[PDB]
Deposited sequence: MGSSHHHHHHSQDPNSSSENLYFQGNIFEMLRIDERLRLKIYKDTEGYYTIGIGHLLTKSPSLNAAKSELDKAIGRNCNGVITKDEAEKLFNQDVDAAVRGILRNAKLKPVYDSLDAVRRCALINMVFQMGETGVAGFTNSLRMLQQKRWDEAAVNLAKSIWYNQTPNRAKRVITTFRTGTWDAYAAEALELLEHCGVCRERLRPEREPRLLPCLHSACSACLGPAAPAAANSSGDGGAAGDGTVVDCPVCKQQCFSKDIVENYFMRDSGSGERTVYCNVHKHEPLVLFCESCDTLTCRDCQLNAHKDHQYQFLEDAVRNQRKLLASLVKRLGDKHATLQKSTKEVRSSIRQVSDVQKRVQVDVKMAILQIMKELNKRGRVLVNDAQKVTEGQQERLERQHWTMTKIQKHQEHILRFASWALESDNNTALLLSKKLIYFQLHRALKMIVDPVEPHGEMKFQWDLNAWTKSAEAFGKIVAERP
């Protein structure tokens, strides 16, 4: 990409490894808090032992003040995961995070990792600017903060990432770090006796442990200690280029490059120890050596570009298989809902079939109950009256109206009431087991 000599594995974990040096012993940060590993806070109260206790607790081990790198890495991944969840559950950070590209999302996670979701939610005007792009403007507003004044070097890197959406600030620091000890980050001045391991990581001689073998503190790749050489580029950083002298002929400078052995030699070794194999004088050999190496770099950069494309293809495949799963979950649920719909349609039909029968019989029985009730009312009216008329001592009135009463008594006695006719019954019938087994064995999943 923008590769003057700028390369960067652009993700949140690599981003944070640059911002936070690994400390396998409890240390006090610049606000006096006890922290360990990769930017992990143990305790805020300035306790002598709360820090050790929280260390033992977080690890699950009796940690006097020391964890292993594996333990540090476990804490680190947990802490990154925590920062991300904090963004997602936070009403102010989440909509911003969603709007951002992956580079800028990492810049936002970085802030949360360092300060907490509440502190980052506090940068309201900056968060708004970012959700609206306004990248240059967000960069300026963020540089006005306390964060910036307290940790300007990190803030400048994070702000550049928000502004440009590139990883250049981190590629640049990764490059700067070639000149610093892989372990303690001290600049590799000659006083540090800088050493270059075969895996091209380098360190203060004091930062390496145990012919014999040494495990690289960066990347863990093992080598023989006899194969560790001086980091001659940094060894000379305190003076400029120095003649190097033979390990054996200690007064003779190395002035020849032995192509057959691919290393520098002094005159006495080239004439004696290395007799009959090929060499040039140093300043003659160097031009072709620079061309060979630069050519390999061109080839490796091409392979790198291919791998970057291949990795992007893999991420897309990942999103695809995830989406196939969602497709299947939806297809399954919709298939069942579709069946449920037809079952409810049949349900309504079965009920309407039963209702057709019931309405017929009820129309009849209700008609008859209506008849019986209304005839009964007449009967009670006549009986109530006829008894009242006879309860009366007024024989004149009784005889004067006997005609009207007599008629209604006979009329009620002629009333026709057809008898209560019986009714059929009906029952719902179905095969529970056949349907259960058609469920259970419904479909697949090809």
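_Stretches with no C-alpha atoms in the model, relative to the deposited sequence starting at 1_ = In sequence order, the gaps with no modelled C-alpha are 1-15, 226-242, 479-482.
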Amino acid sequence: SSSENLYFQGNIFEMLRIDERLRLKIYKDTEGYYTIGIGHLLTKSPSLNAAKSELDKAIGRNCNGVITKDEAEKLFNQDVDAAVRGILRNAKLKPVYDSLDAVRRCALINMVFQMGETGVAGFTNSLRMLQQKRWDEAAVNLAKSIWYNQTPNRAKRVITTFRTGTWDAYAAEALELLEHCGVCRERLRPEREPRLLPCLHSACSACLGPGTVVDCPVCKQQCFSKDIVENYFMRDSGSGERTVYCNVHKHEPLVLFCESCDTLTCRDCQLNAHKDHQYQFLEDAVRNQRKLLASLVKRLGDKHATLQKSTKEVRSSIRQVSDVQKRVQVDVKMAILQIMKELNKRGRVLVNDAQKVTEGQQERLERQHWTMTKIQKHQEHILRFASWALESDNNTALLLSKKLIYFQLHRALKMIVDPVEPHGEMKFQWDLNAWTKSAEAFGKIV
From here on, numbers count along this sequence of modelled residues.
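*Return whichever of 239-247 and 345-353 has the greater mean Cα B factor according to the PDB record.*
Per the PDB entry, the higher value belongs to 239-247.
_Averaging CA B factors per stretch from the PDB record, which one is higher: 266-274 or 359-367?_
So the stretch with the higher mean C-alpha B-factor is 266-274.
*Go through 387, 379, 49, 408 one by one and give the residue whose Cα B-factor in the PDB entry is largest.*
The record points to 49.
*Compare the CA B factors listed in the entry for 252, 186, 227, 191 and report the winner.*
Of the options given, 252 has the highest CA B-factor in the PDB entry.
_Where the record places residue 290 (Cα B-factor, split into thirds across the chain)_ = Residue 290: CA B-factor falls in the lowest third of its chain.
_Record-listed C-alpha B factor of residue 133: chain third_ = Highest third, going by the recorded CA B-factors of the chain.
*Can you tell me which third, lowest, middle or highest, the CA B-factor of residue 147 falls into for its chain?*
Its C-alpha B-factor belongs to the middle third of this chain's values.
*Using the B-factor values recorded in the entry, state whether the Cα atom of residue 6 falls in the lowest, middle or highest third among the modelled residues of its chain.*
Within its chain, residue 6 is a lowest-third residue by C-alpha B-factor, going by the deposited values.
*Ranked C-alpha temperature factor of residue 397 among modelled chain residues, by third*: It belongs to the highest third of the chain when residues are ordered by C-alpha B-factor.
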